[PDB]
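Novice: starting from these lines, generate the structure:
(8 chains, ligands or ions: 9)
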Amino acid sequence: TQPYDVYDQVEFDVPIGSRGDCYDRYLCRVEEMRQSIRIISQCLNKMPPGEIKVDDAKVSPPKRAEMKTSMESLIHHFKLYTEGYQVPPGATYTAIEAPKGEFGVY
Amino acid sequence: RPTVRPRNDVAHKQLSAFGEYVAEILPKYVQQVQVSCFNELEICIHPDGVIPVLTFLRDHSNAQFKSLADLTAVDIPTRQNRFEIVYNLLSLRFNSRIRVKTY
Amino acid sequence: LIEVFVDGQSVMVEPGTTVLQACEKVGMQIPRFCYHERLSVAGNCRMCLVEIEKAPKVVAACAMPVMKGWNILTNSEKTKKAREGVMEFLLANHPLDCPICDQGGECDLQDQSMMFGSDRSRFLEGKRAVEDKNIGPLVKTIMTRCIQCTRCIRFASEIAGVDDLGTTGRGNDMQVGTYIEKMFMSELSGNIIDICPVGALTXXXXXXXXXXXXXXXXXXXXXXXXXXXXXXXXXXXXXXXXXXXXXXXXXXXXXX
Amino acid sequence: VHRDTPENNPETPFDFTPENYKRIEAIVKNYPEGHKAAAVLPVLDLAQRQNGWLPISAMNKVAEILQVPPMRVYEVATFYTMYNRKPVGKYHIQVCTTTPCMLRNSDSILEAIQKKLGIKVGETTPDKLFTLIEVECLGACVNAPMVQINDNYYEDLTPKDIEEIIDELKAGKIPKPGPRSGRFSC
Amino acid sequence: XXXXXXXXXXXXXXXXXXXXXXXXXXXXXXXXXXXXXXXXXXXXXXXXXXXXXXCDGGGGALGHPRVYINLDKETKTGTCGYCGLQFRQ
Amino acid sequence: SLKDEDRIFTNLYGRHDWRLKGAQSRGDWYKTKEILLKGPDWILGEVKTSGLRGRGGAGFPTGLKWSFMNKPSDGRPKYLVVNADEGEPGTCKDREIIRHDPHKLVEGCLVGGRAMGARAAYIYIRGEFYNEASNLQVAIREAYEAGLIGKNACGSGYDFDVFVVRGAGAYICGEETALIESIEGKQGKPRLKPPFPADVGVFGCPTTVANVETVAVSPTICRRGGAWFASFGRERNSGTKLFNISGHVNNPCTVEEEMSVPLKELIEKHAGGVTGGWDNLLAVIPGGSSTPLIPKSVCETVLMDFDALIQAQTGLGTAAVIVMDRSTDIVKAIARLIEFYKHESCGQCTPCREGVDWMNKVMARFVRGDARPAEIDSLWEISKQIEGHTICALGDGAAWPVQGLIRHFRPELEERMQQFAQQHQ
Amino acid sequence: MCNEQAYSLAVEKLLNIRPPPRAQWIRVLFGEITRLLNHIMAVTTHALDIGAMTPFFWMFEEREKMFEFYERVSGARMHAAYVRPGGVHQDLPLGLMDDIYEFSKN
Amino acid sequence: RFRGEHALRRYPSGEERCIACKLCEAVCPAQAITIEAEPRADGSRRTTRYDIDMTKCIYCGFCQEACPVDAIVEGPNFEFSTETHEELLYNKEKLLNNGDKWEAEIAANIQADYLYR
Ligand SMILES: Cc1cc2nc3c(=O)[nH]c(=O)nc-3n(C[C@H](O)[C@H](O)[C@H](O)COP(=O)(O)O)c2cc1C
Ligand code: SF4
Ligand code: SF4
Ligand code: SF4
Ligand code: SF4
Ligand code: SF4
Ligand code: FES
Ligand code: FES
Ligand SMILES: [Zn+2]
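Specialist: Residues are numbered from 1 along each chain as shown, chains lettered A, B, ... in the order given. Ligands and ions are numbered 1, 2, ... in the order given. Shown next is the structure:
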């Protein structure tokens, strides 16, 4: 329902039981494990070669070879610590499905 | 934008209709301030009646949230009124997230 | 009195007022390098370049006054194109000292790069280095770290009295030093280390002792010499080491 | 070096003009009567003409005569390119290497002068007869080869004509405003 | 250099007539070999031709950001921020 | 509609015989008493009605700029200063107007004295041209002793005294604000142009900026009819501007010509190297150094006038030809132009001290061919930025010609980079 | 890797800056690899709680081989600051993609 | 690339590689690393106080990554066992300088670090 980082494109299988007993609540987790390799295999096949961090040095720190030569990179590397990111104000709530439940970070 | 923007707003217009729908009821008992930014909705509620607001969003035909899963509270001394209880709500049939606050 | 709009919102200002001086009343601070508090208004950087509502070329905030009721935007697309560009010119011939540099967080040029400067990349090949200038007891001056501006040049002639610092060359080889080997007099020239935005002039007693981080500031009146009051003293765990002049309206004119 | 100043054997010993002191007072009268620091720009050129190789002590003595700041007057001659700082001989010749002169060969005239007068292009001659220094535009661009020495600038000189004029300059003065062609129209 | 007590490393006094230090008695106190910057001046100064030369520890592999040092003062030694390496001419 | 070259009409042409007495017989101060007797309002209107264009490298109206001061009421007395030195290379403005005929320039300051309202006149000549500056001082000494200008001379109540001062020879005579700062006594650096021009405050007085070729034209416009100068040229550009041709040519010569003249006919008068636009590759600039190089294809349609030249790439500021041959390298020639601006830059605005020096260091790699093919387009982005965010227009002078490499050319620069990459790398 | 994922995305929604396309595919590859740890503990310790001794040691040999993928991708054994608001901190080494495919096959 | 017990590196021709910034102090989530600096005799200005407490430290590799000069480089250490807390926490360099016995492995490990993996 709610994609995070490239979802719906990867084929997911969700195990859902019939009764709310401990045995069916155990079987779904084992069926999650048998239907987990499908996601891993599709992640192995679909890999675009490119960038690891964001190009913005305001958010993500630059490369080690990059900072040693150019000026702007090292200053942004220096300022991403002490007083780092500089976040835009406003309350936000995100939840990504944990294998146990949800991480409702606010 | 390739790496600059996270996501384009398309459902934001449909989510803005929710901010009008509850406001169309228009209670000074409930509504006050409606804020909506970044694919989400935030409502703050007058202290006198919180239970009638919680019965709403639950059960209702147009908006069937029901699950009031996460419950937070803010600690801030800037305002004349100190703490702020913040409810985080989720729908399973409707598939949407809404926020309830106290002042 | 004449009213002129700044970022659509109108604000009242005097007939003879600077663009950067008028923007502060509307609660907006432009990127600065040449002061507006007490030091004389001068160009020699063009960082504060802001575009008007109808203008073919961008004008500096220090030089150009408001005069007529004209709209000026601070968060405009034209203003962002300048600020992201001028930073690249400032750092094209910058010696790179940030870890070793005496300032780190206190540096004004360091902060402006994070907020206004272009983060993505920096294209440069071969930066020119200047020879070390002679200094006595206070403020061990490094000429390489200096951005070659007009702040300390005017401070020696007006605020301090006896002139010492000035222009030495023409191109990139131009230095802000005294040119002739002579030690600077005391009087009030100790505030010049606190005056400079970059890590060019910094006190020899407080050199490589404590950074801007970790040191906690506390306001206290000066004991030595009368009239002088309000000065921030950094704690920095147990024993104090860094002393800085705190801003006062009438007590002290931005100098300890 | 442009910012650095020497301290050994050229920092305290210098002489000011005494015969041209009456002419120096008249130069201040040409500008405004009150707030006159304009004469400092003119007196720096006049001191360089009378005494070769301007010293740091000589600049300090000139600032006391006009009554101005010592730091400001020393910096004023540093920005200008016309006044010599280090040392120059009897007649110092400067060659133009700029693009309007470079289009009709300026490097060919510069290479011929470097070999005939000997030594490097930057360093001056040990005999102290001709000092070599690379310069920008002089003024008159109408003649394709251009070189300025002492006071009079020679215009239009060939690869062999420049070396012959340089060797002749050692004993007798040789002004050559237009060896190549008429000055007005060629 | 050592006087009565344990040897000083990177300028650190032990104790004045033994009052504060007492714990470092049963266990032997640590000491760093060549910590008085004796190896700093042991390396020979390199000759240069240009007016300014860029410094490096060992290329991009070893940790050294690029710093330009001016060698025109003659009387001054001319050393980078990270290294104690001196440059002449 | 088409303009003919000169045809026995010139403002200043005498170079064979002129000193003081010889110049006076050949059109000099003919209606000196007539101009002095006339009112300041009518004398200022005489230049405004004719529509005189700025001879100096700016592109500003000479009638509008002279009337911009006006002086209704002033506490401190006003003084007008004229620049004699030549800033941009490939200009004979100092070699002809100051050296050959000093009588025309000396009369020009007196002509624009009573009209502008100036107590004293000042001249700033080039430092390298000491012999040329000495001729101007000799003509001024002959005029003051006899009784031509000063105190009560020429039948006028208003006094005007001429004085010549030697300059540094760089950016000091460059900008309009720079001339005031150099004459004041301070270091050679231009003042802040946005809030106050020369008219508001310059060296403790209201002032006006004047060129050597512009100030000499003022007595020629006053003595002769206003329609005589207005007829020659175009609809917007009027008068006659002296153009100097030097470089790849059979015989280089500086000659006065009428405005809105074609490039094919102007080069034919001096005769270019081999062929103008047939065999030899054209890379000639319409200006001295301020204007970028013009292509071989677009040259016949382009005119010498300021209004017509602005449509094609950029307008000529100095208005002078600098011809280049096919044998001569294009990349090597323009690299020297930026190298000139590296030394002439004053040292104030940060995108010029560490901007032009940054540009020249990259441009040195283009001659060798070690630069990447991607670096060409990135160079265009930085060069455009200097044009907008500078106090004086010398930063523009190191911005316009660099844009002339990206425009018109590009395969010529790419061929030098590709050859060194295959041979050395 | 299921943790920090919720935290970094919240910073990514605050700053409104998308992670690079390569980093997004690594996040799912390591998001599914956490499910191999969590659902194993949801069986192994759960069976150990009841009284089953075998299944706990049946999968912990697999789990100790699983932490090798964590160790090779980031210097720590268990908890690593590998997932960051700038997408992903460090690149996948050459000796991992051959190992993931070999591990999933068995 | 593996993190264990902390050890600071040095240049091939003597000299301390650490420059004293208080950078790694600010990145440290536990605040286990403490740094106070004074000028070293004449010229060079590198460290006086340098304590890394093992009472704290969650082992991030943050200080290994934040360091511009690459002073703290994390080695493959395992053996650390003490009688008291005093023996556990590292003193003013010294024991951290005694990482020379692990610096031979560090030089081999950092060859996989430059131009990352
Ligand atoms: C780089 C540069 C150099 C210049 N050099 C001179 C010069 O040497 N002499 C001059 O008269 N004008 C020069 N100018 C033109 C000035 O702008 C001049 O003061 C004035 O604006 C020209 O207008 P006018 O002819 O009406 O006086 C230069 C302009 C630039 C951009
Ligand atoms: S002057 Fe500022 S930006 Fe430059 S190295 Fe020093 S602290 Fe960093
Ligand atoms: S030392 Fe500082 S205040 Fe002085 S010119 Fe340099 S940057 Fe400006
Ligand atoms: S643009 Fe260059 S030459 Fe002109 S005032 Fe600015 S720094 Fe000086
Ligand atoms: S370990 Fe690195 S970051 Fe920390 S103080 Fe030393 S040099 Fe600076
Ligand atoms: S690994 Fe982390 S906790 Fe340990 S010293 Fe480094 S930054 Fe601090
Ligand atoms: S900050 Fe306005 S000109 Fe420098
Ligand atoms: S360009 Fe050579 S004399 Fe002007
Ligand atoms: Zn070094």
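
Novice: can we go C-alpha only for contacts and neighbour counts from here?
Specialist: Noted.

Novice: quick one: the strands in chain G?
Specialist: G:83-84, G:87-88 (DSSP state E).

Novice: same question, chain B
Specialist: Using DSSP E, strands in chain B cover B:34-36, B:41-45, B:67-74, B:84-90, B:97-102.

Novice: the last one relative to strand B:67-74, how many degrees between them?
Specialist: Taking axes from the mean of the first three to the mean of the last three Cα atoms, to 10 degrees, strand B:97-102 and strand B:67-74 form an angle of 50 degrees between their directions.

Novice: tell me how far strand B:97-102 lies from the chain's centre.
Specialist: Distance, stretch centre to chain centre, for strand B:97-102: 3 Å (Cα atoms, centre = their mean, to the nearest Å).

Novice: and it, what does it pack onto?
Specialist: Packing contacts for strand B:97-102, counted by 3 or more Cα pairs under 8 Å, 6 or more residues apart in numbering or on different chains; DSSP states H and E, involve strand B:41-45, strand B:84-90.

Novice: how about those in a markdown table, adding mean neighbour count and distance to ligand 8?
Specialist: Output for those, formatted as a markdown table (neighbours: other Cα atoms under 10 Å in any protein chain shown; distance: least, Cα to the nearest ligand atom, whole Å):
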| stretch | mean neighbour count | distance to ligand 8 |
| --- | --- | --- |
| strand B:41-45 | 20 | 70 |
| strand B:84-90 | 18 | 76 |
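
Novice: could I get these as a markdown table with distance to residue D:72?
Specialist: Shown next, in a markdown table, are the helices and strands packed on strand B:97-102 (distance: least, Cα to Cα, whole Å):
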| stretch | distance to residue D:72 |
| --- | --- |
| strand B:41-45 | 64 |
| strand B:84-90 | 64 |
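
Novice: so can I have TSV of the strands of chain B showing distance to ligand 1?
Specialist: Shown next, in TSV, are the strands of chain B (distance: least, Cα to the nearest ligand atom, whole Å):
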stretch	distance to ligand 1
strand B:34-36	54
strand B:41-45	58
strand B:67-74	61
strand B:84-90	63
strand B:97-102	62
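
Novice: of all those, which one is nearest ligand 3?
Specialist: When the strands of chain B are compared by Cα to the nearest ligand atom, strand B:67-74 sits nearest ligand 3, at 44.5 Å.

Novice: on the three-state scheme, residue A:104 is what?
Specialist: strand (DSSP: H, G, I helix; E, B strand; the rest coil).

Novice: so who does it touch?
Specialist: Contacts for residue A:104 (Cα atoms under 8 Å, 6 or more residues apart in numbering or on different chains) come out as A:93-96, B:70, G:6.

Novice: try 7 Å
Specialist: The neighbours of residue A:104, taking Cα atoms under 7 Å, 6 or more residues apart in numbering or on different chains as the test, are A:93-95.

Novice: now, these that are in strands?
Specialist: Filtering the contacts of residue A:104 for strands - DSSP E - leaves A:94-95.

Novice: if we check chain G, which of the contacts of residue A:104 are in contact?
Specialist: A:94-95 (Cα under 7 Å from any Cα of the partner chain).

Novice: dump the contacts of residue A:104 to JSON lines, plus neighbour count and distance to residue F:367.
Specialist: JSON lines is the format used below for the contacts of residue A:104 (neighbours: other Cα atoms under 10 Å in any protein chain shown; distance: Cα to Cα, whole Å):
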{"residue": "A:93", "neighbour count": "19", "distance to residue F:367": "58"}
{"residue": "A:94", "neighbour count": "18", "distance to residue F:367": "56"}
{"residue": "A:95", "neighbour count": "18", "distance to residue F:367": "58"}
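
Novice: which one among the contacts of residue A:104 gets closest to ligand 7?
Specialist: residue A:93 (40.5 Å).
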